[PDB]
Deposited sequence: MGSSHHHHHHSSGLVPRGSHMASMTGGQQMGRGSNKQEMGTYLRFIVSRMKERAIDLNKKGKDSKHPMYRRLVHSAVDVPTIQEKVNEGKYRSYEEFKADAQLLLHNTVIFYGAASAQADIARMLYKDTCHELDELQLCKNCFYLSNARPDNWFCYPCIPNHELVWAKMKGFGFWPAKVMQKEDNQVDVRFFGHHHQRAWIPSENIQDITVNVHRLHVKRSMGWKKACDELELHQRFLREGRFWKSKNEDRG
């Protein structure tokens, strides 16, 4: 996918320029993406790596600039990890049309109630799992991520009154978003 990769990489570069306002060349990577020249994510990663190295050498391994660069390289690698987890999620998370988190993916994310100590059960999408814990992304404001122990999870088709919940404004908005998602899912309303 020539254009798809190009689109994703543009989000990353743009975001890392925004990250960089904390306080190989950047235009070169910026040039390369803009022209859609990258042939692999791995190749993009190796350029970001080169840039990091040149940067730390340029300014000193303990400069403010080298600290920034190390942070940016880690964030870029995180964005690339996430892009591999689910490309649709990544696209919608960056383009953010109205109700972006409600559009289904293929395959569909498993939906759960996930409990974090002190918050009660909150609705979430499962992004990945291992035997002892599950990486979820919550519905509702900020759409944050947590690793949740297996026994702090219930499937979404369990009735909510059977669960320990704390019914805040934020919790109610999360639940409204969940139900909109469940509807889009049954409708086959994919993002176009």
Compared with the full deposited sequence, the modelled chain skips 1-34, 58-76, 246-252
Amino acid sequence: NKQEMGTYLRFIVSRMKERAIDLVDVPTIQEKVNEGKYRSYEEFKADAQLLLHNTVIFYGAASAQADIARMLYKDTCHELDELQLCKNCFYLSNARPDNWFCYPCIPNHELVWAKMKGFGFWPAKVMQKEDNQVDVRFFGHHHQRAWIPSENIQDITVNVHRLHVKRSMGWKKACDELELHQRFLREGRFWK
From here on, numbers count along this sequence of modelled residues.
Quick note on 152-160 and 122-130: per-entry mean CA temperature factor is higher in 152-160
The stretch carrying the higher mean Cα B factor in the deposited entry, 47-55 or 34-42, is 34-42
Binned into thirds over the chain's modelled residues, the C-alpha B-factor of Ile12 lands in the middle
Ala69: C-alpha B-factor third of its chain, per the entry, is the middle
The third of the chain into which the C-alpha temperature factor of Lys172 falls is the middle
Of the three thirds of Cα B-factor ranks in this chain, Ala146 occupies the lowest
Here the Cα B-factor of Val136, set against its chain, lands in the third termed lowest
